[PDB]
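Have a look at the structure below before the remarks.
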Amino acid sequence: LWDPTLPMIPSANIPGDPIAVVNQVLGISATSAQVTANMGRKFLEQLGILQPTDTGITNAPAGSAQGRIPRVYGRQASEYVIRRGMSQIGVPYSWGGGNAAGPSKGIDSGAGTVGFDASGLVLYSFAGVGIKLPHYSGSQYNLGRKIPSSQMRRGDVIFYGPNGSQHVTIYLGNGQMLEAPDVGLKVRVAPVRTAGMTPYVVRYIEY
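All the letters of the sequence shown, read from the start, carry residue numbers 1004 to 1210 under the entry's author numbering.
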């Protein structure tokens, strides 16, 4: 039922729209959704397609094959997401860690450690193009569009455990995935594991 290489428990479940940026000097703070909207608007502006109605949030309604980002720009969007995640290789794992702005202090166990957990890394990566994801893998599994796992494609998101609750990674193609794996390790590229994998992956960006 679970990937037996990792703890056989649900991943950290961080509610709502957490504060992502705190600047004590300037006296400001902002949430993950704020940062994500701002990045989404910048991305749309860089494609030449920003509209006054755009908040910057680009998610498709769950199950729809139509999101805000045009299909002709989806490969570019996906590659930007992957670049963002890959830039984090070497950052420590932290249980509960990460927000749309970068690694962060975790929760519970991970309260004294700045880093990413699996769903935190995924949310950070996708935030660069305005795709807003909750900080819990099981909730991430309910968004986006399902693709059969046998047909996973670079940029799709792989899940593990019941309800996708254990672990989540970004598929890179060629049998490799980007993940924040477990305590004492760092964000890494690793071979895809099939044990405990859900029968679908999730696609957030169409192309």
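C-beta: ideal position from N, C-alpha, C; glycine also.
ask   = In whole angstroms, what separates the C-alpha of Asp1159 from that of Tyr1203?
value = The alpha-carbon of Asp1159 is positioned some 10 Å away from that of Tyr1203.
request  = Could you check how far apart the C-beta atoms of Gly1131 and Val1084 are, in whole angstroms? I think they sit under 8 Å.
outcome  = In this structure, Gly1131 and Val1084 form a Cβ contact; the two beta carbons are roughly 6 Å apart against a cut-off of 8 Å.
ask   = Thinking just about the alpha-carbon of each residue, which of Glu1209, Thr1197, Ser1168, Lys1189 is nearest to the one in residue 1212?
value = Residue 1212 falls outside the range modelled here, since the chain spans only 1004 to 1210, and no answer is possible.
task = Would you check if the distance between the CB atom of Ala1040 and the CB atom of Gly1059 is smaller than 7 Å?
result = Between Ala1040 and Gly1059, the gap from beta carbon to beta carbon is short of 7 Å.
Whole-angstrom distance between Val1028 and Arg1078, CA atom to CA atom = Answer to the nearest angstrom: the Cα atoms are 39 Å apart.
inquiry  = Quick check on DSSP: helix, strand or coil for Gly1167?
reply    = Of the three classes helix, strand and coil, the one that applies to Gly1167 here is helix, per DSSP.
ask   = Where does the unbroken alpha helix (DSSP H) through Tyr1083 begin, and where does it stop?
value = 1077 to 1089 is the extent of the alpha helix (DSSP H) around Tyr1083.
inquiry  = Between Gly1101 and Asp1120, how many whole angstroms is the CB-CB distance? I'm expecting something under 8 Å.
reply    = Contact holds; Cβ gap of about 6 Å.
ask   = What does a CB cutoff of less than 8 Å around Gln1143 pick up in its chain, not counting 5 residues either side in sequence?
value = Answer for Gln1143: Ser1122, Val1125, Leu1126, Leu1136, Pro1137, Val1160, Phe1162, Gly1167, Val1171, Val1205, listed in chain order.
key: Nearest to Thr1197 (by Cα), restricted to the options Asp1185, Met1180, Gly1043   = Closest option to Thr1197, Cα to Cα, is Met1180.
query = Looking at the structure shown, is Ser1122 part of a helix, part of a strand, or coil, going by DSSP?
reply = The three-state secondary structure of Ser1122, taken from DSSP, is helix.
message = I believe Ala1023 touches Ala1080 by the beta-carbon criterion, under 8 Å. Please report the beta-carbon distance rounded to the nearest angstrom.
response = That belief does not hold up - the Cβ atoms of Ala1023 and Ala1080 are roughly 21 Å apart, past 8 Å.
Other residues of its chain near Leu1050: CB distance less than 7 Å, five sequence neighbours each side excluded = Answer for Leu1050: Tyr1076, listed in chain order.
request  = Starting from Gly1176, follow its DSSP beta bridges and name the residues at the other end.
outcome  = Partner(s): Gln1179.
query = Going by DSSP, which residues form a beta bridge with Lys1149?
reply = In the DSSP assignment, the residues bridged to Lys1149 are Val1205.
ask   = Between which two residues does the alpha helix (DSSP H) containing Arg1044 stretch?
value = Taken as a continuous stretch (DSSP letters only), the alpha helix (DSSP H) holding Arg1044 covers 1035 to 1050.
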